[PDB]
2 protein chains.
Amino acid sequence: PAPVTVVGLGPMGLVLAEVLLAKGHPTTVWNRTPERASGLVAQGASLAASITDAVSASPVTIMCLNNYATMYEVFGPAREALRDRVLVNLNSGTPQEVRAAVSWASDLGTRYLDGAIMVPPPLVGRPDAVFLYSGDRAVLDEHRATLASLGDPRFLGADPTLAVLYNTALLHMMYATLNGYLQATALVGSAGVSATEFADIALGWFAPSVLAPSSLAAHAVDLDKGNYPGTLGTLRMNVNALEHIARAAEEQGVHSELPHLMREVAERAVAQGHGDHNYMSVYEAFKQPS
Amino acid sequence: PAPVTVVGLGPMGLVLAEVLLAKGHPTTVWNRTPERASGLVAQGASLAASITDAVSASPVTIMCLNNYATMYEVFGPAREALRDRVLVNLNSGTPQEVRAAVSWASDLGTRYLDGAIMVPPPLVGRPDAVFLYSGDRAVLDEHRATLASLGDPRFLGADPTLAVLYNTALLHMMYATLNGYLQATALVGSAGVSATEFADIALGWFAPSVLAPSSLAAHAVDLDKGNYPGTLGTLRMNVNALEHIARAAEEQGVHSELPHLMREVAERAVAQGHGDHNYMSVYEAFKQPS
Ligand SMILES: NC(=O)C1=CN([C@@H]2O[C@H](COP(=O)(O)OP(=O)(O)OC[C@H]3O[C@@H](n4cnc5c(N)ncnc54)[C@H](OP(=O)(O)O)[C@@H]3O)[C@@H](O)[C@H]2O)C=CC1
Ligand SMILES: NC(=O)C1=CN([C@@H]2O[C@H](COP(=O)(O)OP(=O)(O)OC[C@H]3O[C@@H](n4cnc5c(N)ncnc54)[C@H](OP(=O)(O)O)[C@@H]3O)[C@@H](O)[C@H]2O)C=CC1
Ligand code: NA
Ligand code: NA
C-alpha cells in the first residue's frame, strides 16, 4: 500500500485518513488546526509540520477542505511541491469551481483528479461507498489501489466537472424524494394518521406502482426530444391537484411553501404552452434560470 | 346496472358519466351550464331539468364539482330530496371541507360517502384506476357495483377525511419525486449530459439503492417517535450539500428556487436543535406551519 497524504481533517478528512491508515498506507496528514490529528497520530499517522512537507511526503495528496477557495490559500506555499505530484480533490462543489481548480493545477504542472464522495463520513471505507471521479483517467488507473481503500471508485469520463455535478444532481433527487415523503407524512399526521399507517398505502402500494425508477426512466428519451404527450393526463389537470395540495397543507397547519412553489412552477410551464402536455413538460420550466 | 346521477360536468364529471353510460347504467346528469351535457345526451344520458330532479332520479348521486363550497350552493334546493338518498362526493379537497360536508349531510339525513380520484379523466373506467373512499363503509358495500364501474374502489377507513387527505399526500409525493428527477436532469443537461445518459445512472443505480420504498418505510416508526440518530450522517452535513446543490443550479443557469427553499427548510430544523440528527429530522420542519 503506497504512502498517501490527506490535507484537511474535518469530519470527512479524518475518516479518509483513518481508513487509509487501517488499510496499511503510510499516511501523512495536515490540518490548519493540528490538534485534529491527535487520534490519527496515535493510530500511526505522521503529522506534517507544513503543507509543503505534507505534499512532499507522498506521491498522492488527497484534499478534503471546506470549499474550493480554501485550496488556493492552503496549497499556496506548496505550489512547487505539487509539481509532478498527484492531487485528488474530494471537495464537493460546482463545475465553475472545478474548472478554475483544473486550470490552477495545469499551470502548476500537477496531475489533478477531481472527485466527489457520495456517502457521509461514517460510511467511507465500505465496499459499497461510492466515490465519483472525472478528469484524467491515467491518475485513477495509476493510483487505483489507494482510492479503492476508500470505497468504490467510479470514473464518469474525461470532463473534470462530472463528479461534482452528478453529486449535486443525484443528491437533489434524494432530498426531493425524502422531502416529498416527509411532507406527505406530516400532512396525514395533522389528521391523526401515523407515519407507519401512511407507509402501508404510500410505500406498499403507491410508490412501487406509480414511482418505480424504470417508469421515470422511460420518460428520459422524451425529455431529450421535448416530446410530452398528454393524451392520458394533461398538465392543466395536474395544476388543479397542486392547488388542492397547497391549500390542504396551509389549512392543516403543516409546511406549505414547498407545495405552493411546486404549484407556481407547474403554472409557469402552462403559461409557456404546456397545458396539453403530460406533467413531465415541467422539465421545460426546470431548464430555465430563476 | 343501477340508475345513477352525476352532478358536475367538468372534465372529470363528463368522463364519470360517459363511463357509467358505457357500462350500461341509466345515467341522469346535471350541471350549472347545461350545454356541457350535449355529448352525454347524444350518448343516452338524461339531462335533469333541476338539481332536485337529478337527485330524485337515482338511488345514488355522485358529485364532482370544483370545490366543496360549490356543493352547498348546488344542492341547496335539493336538500329535502337528498334525505334517505346516497351522496358520493368525489371532489378533491381538504379534511376541514370534508368534516363540514359530513355534518351538513348528517343534518339532511342523507347517506354520505366521501371519495377521491387518483387518476386523470382519460384513465377512469379501467380496472386499475384507483378511487379512494372513506367514511360509511355500508354505502360502499351496497353501491359497490356502481362505483366499480368507475375503477378500483379502495376503502381506507371510517374517518371520512382519509380519501381527500391521502389524495393530496400521495400526489404530493409523486410531484416532489418527479420534480426531483426533472431538476436533476436539467442540472446535468446544463453540462451537455443527455436525459437518457443521466437516467441510466440515477434510476438504474442511485434510486434503487438509496430510495427503495421499503427503505423509506423503515424511517416511519422513528418519524412517529421523533427519533433521529445522526451517528451515520448529520443534518448539518446534508445542509452543506443542499447549499452546493442550490449554488450549482444558480451558476449553471437552471431553476434554483426549489433547491434554495429546500436548503432553507432544512436550515429551519438545524436552528431548532436538529443539526446533529439524521436528515429525517427535517420532518420536524415539515410539521411546522409556514
Ligand atoms: N461531511 C460529509 O458528509 C461530506 C462532506 N463532503 C465534502 O468534504 C469536504 C470536507 O467536509 P467536512 O469534513 O464535512 O467539513 P468542512 O466542510 O467543514 O471542512 C473542514 C475542513 O476545512 C478546513 N478549513 C476550513 N476553513 C479553512 C481555512 N480558512 N484555512 C484552512 N483550512 C480551512 C478545516 O480546518 P480546521 O479544522 O483548522 O478548521 C477542516 O480541515 C467538503 O467539501 C464537503 O462538502 C463530501 C461528501 C459528504
Ligand atoms: N381533472 C382531474 O384530473 C381530476 C380532478 N379531480 C377532482 O374532480 C373535481 C372536478 O374537477 P374537474 O372536472 O377537472 O373540473 P373543476 O374542478 O374545474 O370543476 C368543474 C365543475 O364545477 C362546476 N362549478 C364550478 N363553479 C361552480 C359554481 N359556482 N356553481 C356551480 N357549479 C360550479 C362546473 O360547472 P360549470 O360547467 O357550469 O362551470 C363543473 O361542473 C375537482 O374536485 C377535482 O379536484 C380529481 C382527480 C383528478
Ligand atoms: Na471534487
Ligand atoms: Na371527496
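Every number here is computed from the coordinates shown, using simple stated rules; none is lab data. Cβ atoms come from the backbone with ideal geometry, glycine included; neighbour counts cover every protein chain shown.
Couple of notes before you dig in:
- Gyration tensor (alpha-carbon) shape descriptor, the range A:177-239, a/c threshold 1.5: prolate
- Partner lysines for residue A:287 [C-alpha distance under 17 Å; skip if fewer than 8 residues away on the same chain]: A:225
- Label-to-label distance, nm, for residues given as residue B:148 and residue B:225 (7 Å Cα→Cβ offset): 4.3 nm
- Using the Cβ-Cβ distance between residue B:32 and residue A:96 with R0 set to 60 Å, the FRET efficiency works out to roughly 0.60.
- Taking a span of 18 Å or more along the helix axis (Cα atoms) and a mean Kyte-Doolittle hydropathy of at least -0.5 as the rule, the DSSP H helices of chain B that qualify are B:95-108, B:162-189, B:213-225, B:235-252.
- Sorted from closest to farthest, the other copies place their residue B:229 label points 5.0 nm away, with each point set 7 Å from Cα along Cα→Cβ.
- Inter-site label distance for residue A:69 and residue A:42 at 7 Å from Cα along Cβ, in nm: 3.5 nm
- Label-point separation in nm, residue A:218 to residue A:137, each point 7 Å along Cα→Cβ: 3.4 nm
- Taking a point 7 Å from the Cα of residue A:276 along the Cα-to-Cβ direction, the residues of the range A:218-251 with backbone N closer than 16 Å to it are A:226-237.
- Mean-position separation - Cα centroids, the range A:154-185 and the range A:70-126, in angstrom: 21 Å
- Note on the range B:158-290: semi-axes of the ellipsoid equivalent to its C-alpha gyration tensor, largest first and rounded to whole Å, are 26, 20, 16.
- Distance histogram in 10 Å bins (all Cα pairs of the range B:1-157, percent per bin): 11, 46, 37, 5
- Ascending list, in nanometres, of distances separating the residue A:152 label from those of the other copies (7 Å, Cα toward Cβ): 3.2
- Distances between equivalent label points of residue B:253 across the copies, with each point positioned 7 Å along Cα→Cβ, amount to 4.7 nm, shortest listed first.
- Put simply, the convex hull of the Cα atoms in the range B:246-290 casts, on average, a shadow of 3.5 nm².
- Here the Debye sum runs over all C-alpha atoms of chain B as equal scatterers in vacuum, and log10 of I(q)/I(0) at q = 0.07, 0.12 Å⁻¹ comes out as -0.38, -0.87.
- Normalised by 2.2 N^0.38 Å, where N counts its residues, the alpha-carbon radius of gyration of the protein assembly as shown equals 1.15.
- Remark: mean inter-chain Cβ contacts per residue of B:226-236 equal 2, using a 10 Å Cβ-Cβ cutoff to other protein chain atoms.
- Per residue of chain B, the DSSP helices (runs of n ≥ 4 H) give a summed -39500 (n - 2.57) that works out to -15000 deg cm²/dmol at 222 nm.
- Shown here are the Rg and Dmax of the Cα trace of the range B:54-105, at 10.5, 30 Å.
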